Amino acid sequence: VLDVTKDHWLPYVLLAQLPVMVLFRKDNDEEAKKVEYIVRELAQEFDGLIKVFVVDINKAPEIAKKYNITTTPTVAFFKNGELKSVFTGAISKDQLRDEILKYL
């Protein structure tokens, strides 16, 4: 689990050979903290089968702008360069494993 830079977008994410789950957050949010723990847990559970990253849209707004992501927290699923699925609102750890498995 770690932040990603616009710089590191393509290499770390778009080039990643594993499926990628990215959390777009603003900062100093409570709901974002809760989603961030959910995602931490999913990353460790699926450690070495997917890759999981964070986008602090305060610092890398170009990434959200690129993917037309207007709400935080947002969880995005990227596989082989393309955006495969997006989850907003209330994020269900149960649903994220459902998808993580869908693309695995």
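Counting begins at 1, following the sequence as shown.
On average the C-alpha atoms of 20 to 28 have higher B-factors than those of the other stretch, with 20 to 28 and 83 to 91 being the two compared. Across the two stretches, 1 to 9 and 93 to 101, the PDB entry reports the greater mean Cα temperature factor for 1 to 9.
Highest C-alpha temperature factor among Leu49, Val52, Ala64, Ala76 per the entry: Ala64. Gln44 sits in the lowest third of its chain by CA B factor, as recorded in the PDB entry.
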